[PDB]
Number of protein chains: 2
Amino acid sequence: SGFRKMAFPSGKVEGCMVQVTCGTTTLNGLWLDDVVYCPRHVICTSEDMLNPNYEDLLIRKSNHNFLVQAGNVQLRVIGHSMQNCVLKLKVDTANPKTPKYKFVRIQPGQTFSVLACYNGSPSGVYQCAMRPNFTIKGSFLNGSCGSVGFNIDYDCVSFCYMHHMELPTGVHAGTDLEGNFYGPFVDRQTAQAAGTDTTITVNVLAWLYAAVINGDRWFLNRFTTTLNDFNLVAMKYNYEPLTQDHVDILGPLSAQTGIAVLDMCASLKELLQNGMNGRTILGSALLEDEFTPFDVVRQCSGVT
Amino acid sequence: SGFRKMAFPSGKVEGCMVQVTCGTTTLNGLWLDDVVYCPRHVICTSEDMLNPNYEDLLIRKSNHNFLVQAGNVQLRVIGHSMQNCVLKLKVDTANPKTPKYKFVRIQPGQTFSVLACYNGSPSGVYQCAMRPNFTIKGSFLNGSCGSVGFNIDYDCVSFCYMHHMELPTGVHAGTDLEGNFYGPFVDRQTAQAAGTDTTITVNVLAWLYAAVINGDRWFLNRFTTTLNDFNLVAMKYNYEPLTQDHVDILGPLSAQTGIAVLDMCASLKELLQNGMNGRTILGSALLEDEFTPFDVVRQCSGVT
Ligand SMILES: COC(=O)[C@@H](C(=O)Nc1cnccc1C)c1cccc(Cl)c1
Ligand SMILES: COC(=O)[C@@H](C(=O)Nc1cnccc1C)c1cccc(Cl)c1
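Residues numbered from 1 in each chain as written, not as in the entry; some residues may be left out. Chains lettered and ligands numbered in written order. Heavy atoms only, no water.

As recorded in the entry header, the structure was determined using X-ray crystallography to a resolution of 1.529 Å.

Within the PDB entry, the label attached to chain A reads 3C-like proteinase, and the organism entered is Severe acute respiratory syndrome coronavirus 2. The title field of the PDB entry reads "Group deposition SARS-CoV-2 main protease in complex with inhibitors from the COVID Moonshot -- Crystal Structure of SARS-CoV-2 main protease in complex with MAT-POS-1e5f28a7-1 (Mpro-x11488)".

Now the structure itself:
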C-alpha cells in the first residue's frame with residue numbers, strides 16, 4: 001500500500017551521461033554505442049542564441065572542437081552531424097555501459113522519468129508527464145540541457161526526451177532523440193507560445209483508481225454519467241475529452257476494483273464541480289494527472 | 001526554474017541489490033563488500049510472524065539455507081549473524097559494484113530516497129521524509145522488504161533505512177542498517193501505535209523559500225511574527241515548534257531571497273489560518289513538508 005510519484009531506477013541512464021563542451025558552452029550528452037547525442041545549441045555563444053544559423057555555426061566546428069568527457073575519460077570524436085536540433089558526435093569507443101535501448105517519440109499525456117544532470121553528472125531523478133501542450137513542468141537550471149527523459153521495460157531503456165530550453169514562463173521544452181521538438185518550439189532565445197494546456201483526464205481517472213485500491217474512497221458516490229455528459233464537464237474544466245480508447249485503457253483498473261469507468265467519471269465530475277472540500281486523495285489536495293493507467297497497474301503490482 | 005520532488009540517482013544502490021531466500025520467504029538484501037544485509041524476518045513462515053522468537057528460528061538455519069542471488073550469480077554464504085532486526089550474511093565475494101558508503105541513523109524530519117525492489121530487482125525510486133513519528137509514507141507491497149533508503153553526497157552513499165513492514169494503517173516502518181527500528185516498532189504482526197505525527201515546520205518554510213525563488217510569491221504578506229507567536233499557531237495546527245536551530249538552518253535561503261525567517265513564518269501563519277483559497281504553490285494545493293532546507297539549496301543550485 002501507498003502510492004508515490006515514482007521514477008524508474010536511473011542506473012542504466014547514469015552510465016550513459018557525458019559532458020560535451022564546444023568553445024565556452026558546456027552541457028550534457030548521452031553516449032550510446034559509439035555516438036554521443038546532445039542539443040545542437042552547444043555550438044552557440046550567448047550572442048548566437050537570439051537567432052542562430054546552426055548550419056553556419058556548425059561549419060566553423062571540427063571534430064576536435066567537441067570535447068567529450070565521460071567522468072574522467074576523454075572520448076575521441078571522429079565525426080559530427082546535425083540531425084534536426086541534436087548533434088550526433090561519432091566517437092572511437094562504444095560505451096561499455098550502453099544498456100539495451102530504443103528511441104521513442106512519446107505521446108502527450110504519457111509519463112517518463114528525467115535524470116537531471118549538470119556537467120555530465122547526475123543530480124536527481126523525477127517522474128513527470130509530457131503535457132497535452134508538449135511542454136514539461138520539470139526542474140532544470142542552466143547547464144541541465146542534454147538531460148534526458150526515459151521509460152524502462154525490463155532491461156530496455158526507451159529514451160523519449162532530451163532537454164533543450166526553458167520558456168520565459170518557466171516551463172520546459174525539448175526534443176525526441178532524433179532532435180525533433182515536442183510542440184511548436186524552436187531552439188532560439190525568443191518568447192514562444194506554448195498554447196492552451198489541458199488536464200490529462202485518463203490519468204486523473206487512473207489515479208482515482210489507485211486511490212480506491214489504497215483505501216482513499218471518500219470521493220466514490222452513488223452516481224453514474226455518460227461519455228457525453230462527462231465531456232461537457234471536461235470541456236468546462238479544461239480537461240481532455242474522454243474517448244472509448246481511454247475507457248479501454250482503464251479496463252484493467254475497472255476490472256480490479258469492480259468500479260465501472262463511467263461510475264468513476266461521475267466521481268470525477270462531482271470532484272470537478274464541488275472541489276475537494278478541504279480533503280485529500282493520496283496525499284494531494286488537487287486532482288493528479290501525472291500517472292498513466294499503465295503506471296498505476298505497474299506500481300500497484302510491483303513490476304521490476 | 002521549476003521545483004520537483006527529486007530522488008537521488010539510484011545507480012549506486014541498484015548495484016547493491018540482491019534477492020535473499022530462506023525456506024519459502026524471499027525478500028531483498030543489500031550487498032556491500034562481503035556482507036549481505038536483510039530484514040531478519042526472512043527466516044519466518046506466516047505462522048511465525050504473529051510472535052516470532054527470532055533467536056530460536058535462526059538457530060534452525062545454517063549458511064546453506066540462505067540463498068543469495070545477485071541477478072544471475074549465486075553468492076556463497078560463509079557466515080550469518082543477527083544484529084538487532086537485521087541479518088548479516090557473510091559471503092565469499094566482495095561486491096565489485098560496492099560504492100563508497102556509510103550507515104547513518106537519520107533524524108525525524110530528514111529526507112531520503114527509496115529504491116523500491118522486489119525479488120532483488122529495482123522497480124522505482126522516490127523521495128520521502130522520515131515522519132516526526134518515525135514512520136514513512138512510502139509505496140511498498142509484499143516482497144519490498146529489504147528495500148533501502150539513502151542519501152548521496154558526491155560519491156558516498158549514506159544508507160539510512162531498510163524497509164521491514166507495513167502497519168495496519170498503511171504506513172511503513174523500518175530500521176537503520178544496524179537493524180534498530182526507527183520508532184517504537186517491533187518486527188511482529190501485531191497492531192502497533194505509531195503515535196501522533198506532526199508537520200515538519202522547517203521543511204514547509206524551506207519549500208516556501210523554494211516557491212519564492214521559482215516565482216510563486218502570492219502568499220508573501222506585509223506581516224511579521226515572533227518565534228513565540230508562530231509557535232502558538234504551530235501548536236494549534238499540529239506543526240513542530242520552530243527553534244533557533246531551525247531558523248539557523250534556514251539562513252542560506254533567507255540570505256538568498258532577502259526574506260527574513262520570521263517574515264516567512266508570518267506568511268506560513270496566514271496560510272495555516274486562512275488556507276490556500278483555491279490557489280497552489282509549486283503545483284501543490286497543500287503545505288509541503290518533504291523538502292529539507294538542504295534539499296532546497298541543492299535543487300536550486302544544481303548540485304551533482
Ligand atoms: C542562453 O541559453 C539559455 O538560456 C538556454 C536555456 O533555456 N537554458 C536552460 C534550460 N533549462 C533551464 C534553465 C535554463 C537557463 C536556451 C535558451 C533558448 C533556447 C535554447 Cl535551445 C536554449
Ligand atoms: C506477513 O508479513 C507481512 O505482511 C510483512 C509486511 O508488512 N510486509 C509488507 C511490507 N510493506 C508493504 C506491504 C507488505 C505486505 C510483515 C508484517 C509484520 C511485521 C513484519 Cl517485520 C513484516
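A. Layout of the packing of aromatic side chains. Within this structure, the stated rule accounts for 18 aromatic pairs over all chains. Their ring planes at 55 degrees and their centres at 4.7 Å tell us that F3(B) and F291(B) sit as a pair that is tilted. Placement of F3(B) in the segment before helix 1 (11-14) and of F291(B) in the loop between helix 7 (261-274) and helix 8 (293-301) is noted, with a sequence separation of 288 residues between them. A single burial state applies to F3(B) and to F291(B), both of which are buried. Feature note: the residues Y37(A), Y101(A), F103(A) and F159(A) constitute an aromatic cluster, connected by ring pairs. Across the ring face of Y54(B), the terminal group of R40(B) is positioned such that the distance to the ring centre comes to 3.8 Å. (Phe/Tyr/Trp six-rings, centres within 6.5 Å; stacked < 30°, edge-to-face > 60°. Helix = DSSP H or I, 4+ residues; strand = E, 2+ residues; numbered from the N terminus. Buried < 20%, exposed > 50% of the residue type's maximum accessible area, 1.4 Å probe, protein only. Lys NZ or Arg CZ within 6 Å of the ring centre and 35° of its normal.)

B. Summary view of the relation of the copies chain A and chain B. For the pair chain A and chain B, the superposition axis carries a translation of 0.0 Å, the fit reaches an RMSD of 0.0 Å, and the rotation angle comes to 180 degrees. Both copies are brought into coincidence by an operation consistent with a two-fold rotation axis. The rotation axis passes nearest to the C-alpha of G11(A) in chain A, at a distance of 1.8 Å. Most of the interface of chain A is mirrored in chain B, where 100% of its interface residues again form contacts. (Least-squares fit on C-alpha atoms. Contact = heavy atoms within 4.5 Å.)

C. The arrangement of the domain arrangement of chain A in detail. Residues and elements named next belong to chain A. Split into domains, chain A comes out as domain 1 (1-14 + 100-197), domain 2 (15-99) and domain 3 (198-301). Of note, the centres of domain 1 and domain 3, computed from C-alpha atoms alone, are 25 Å apart. When domain 1 packs against domain 3, the two sides together hide about 1,500 Å² of surface, and 53% of this comes from carbon and sulfur. Our enumeration of links across domain 1 and domain 3 arrives at three salt bridges. Residue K5 pairs with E290 through a salt bridge whose shortest N-O separation is 2.7 Å. Tallying contributions element by element places strand 10 (residues 121-129) first for the side of domain 1 that touches domain 3, with three residues. Partitioning the side of domain 1 that touches domain 3 into residue classes produces seven nonpolar, seven polar and four charged. (Domains from an automatic or database assignment. Buried area = accessible area lost by both parts, 1.4 Å probe. Salt bridge = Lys/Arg side-chain N within 4 Å of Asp/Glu carboxyl O. Nonpolar A, V, L, I, M, F, W, Y, C, P; charged D, E, K, R; others polar.)

D. Inspection of the sheet that holds strand 4 (residues 66-70) of chain B at higher detail. Residue and element names in this part refer to chain B. What the seven strands build is an open sheet, ordered 5-4-1-2-3-7-6; its pairing is antiparallel. The open sheet terminates on both sides in strands that have one partner only, identified here as strand 5 (73-75) and strand 6 (77-83). Across the sheet, the axes of successive neighbouring strands diverge by a mean angle of 30 degrees, strand direction being ignored. Of the pairings in the sheet, the one linking strand 3 (residues 35-39) to strand 7 (residues 86-91) comprises five bridges and is antiparallel in character. Paired with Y37 across the two strands is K88, which belongs to strand 7. (Pairing = 2+ DSSP bridges. Axes fitted to C-alpha atoms, helices over the stretch in contact; angles between N-to-C directions.)

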